[PDB]
């Protein structure tokens, strides 16, 4: 639904009190109708979605708030839902046209060094400015003190707006300074295009440039356009996250545009001498990155993907391309950050109900819907894929499960089938289906700086974002009339990724691509600094510090964790090395720790724990030098969500 105004902070010799204008039932109704006829007052609003509550500040006729709170959502209004006027993901900033009633603040022009921050609990916290977007609290406070107050005003002594609060800067869970969105970033935003055109490939510039191509799969973004560029005599590299897609372009480009391209993947390499090459990001990274002068144009396809190989891959291109003699990088995707799922003309969307013989995430699928034909059911976990595949088989429906680890010949490719899959589908298999049935949830990893003793990487199930919905749905409708069936109608905001993904990049750097933490950092820096890409919290220096301390890994353990293909094979193998040399057992005996299975007869005592990568069942000791090193890294200044 829409974001809803649930209260306001009135400003007065500076002071504030809060007024709550709506309760829970009123907030929910108004969020669904998008229709709000209440009187609107003040300069600071207290807003809320169904999940999260936070602040918005009106400046120059615009009610501004944080992207991480509001996403791309409408605001409920006197004449129905209000589409965002401005949406700037790079800056964590959105704006609606302020409705009648709202008074705006004026920008602090002159510029104070002593600022005051207004929280959702009407405190006025004094702040000394340091940078353009940072200020320090004169009195350090706990982090929970500032939660719920993102998008609140940062005010100079006269009461003019300096910026809006976006994030707390913490040292060991204690807020000490604040990142805000400066009022000049807002002004820049009010002057940036109504709608840039990104549905048309760039002309190749005389000097280096970075360009954005927004258009759907099979618009020739990865086929037609490299071929046009090649006809003009340019050498082009197309990068893709998928081995299956990458191999497919070979025979397709031969048949369709009479080019027999170079193909580069972990599983299969083809060198023809063509002026077009298709590679995975992963094989690109294993080849050492950008060859000297081999490519004029590098096309980074599916640049929406926020897996660690794609992010490190694209970062490597953005750090190297210019120096290597390229003239053009192209960031290509259908679902750029900030996007929302639009209705698709060739796809009928229909909610599941509780009528049907097959239960599914609290709803039902009727046997008739999937009895014959070819259908794709998306589930969040491997476990659920096996359960559902087995139920379907019990009823005589031809059905098969697919996820990370299975070979993709579990298919079939032709004839009736229900494929029950995780999102591993979206990189392992190219085919389209008569219908897609979507659970509307995924499994993600999140980092938790839990100081017990260090940090924790949690696996968590979450509601899908708009990229997932649009990509999952796009497995029906490619030149066929499709049907998308779903469990729930919403989608969280697109284009954000967790700090665990940064951690994964360093980890793959060490594990696979022979990168030092410093090299990895430089490349991620390049990605982060480039606008239009997915956004994260800047935790580069913290992660670099951590991995920088993890030396003399055991090559054999590393080889095993890589071979087994699970996540964070460096961190896992590093913990195992520490355990084996300390002659101590691992955190538990889960499959995760199988590199250590043969040593089990002699391993004893408490586990020298570095960090938590799942359930820790053994007793722990914190005496290991490496643990002390990582605990010391936790003193880093960390941006946290607010």
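Numbering follows the first chain given and starts at 1.
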property: Residue 20-residue 21 interval: deposited residues absent from the model; result: none
property: Comparing 355 to 363 with 73 to 81, the one whose average Cα B-factor in the PDB entry is higher; result: 73 to 81
property: Mean Cα B-factor comparison, 483 to 491 or 203 to 211, giving the higher one as deposited; result: 203 to 211
property: C-alpha B-factor winner, where the candidates are 575, 602, 588, 48; result: 602
property: From 545, 242, 171, 393, residue of greatest CA B-factor; result: 171
property: Lowest, middle or highest third - CA B-factor, residue 37; result: highest
property: For residue 116, the third of its chain into which the C-alpha B factor falls; result: highest
property: Record-listed C-alpha B factor of residue 607: chain third; result: lowest
property: Chain-relative CA temperature factor third for residue 580; result: lowest
property: Residue 531 - which third its CA temperature factor falls in, relative to the rest of the chain; result: middle
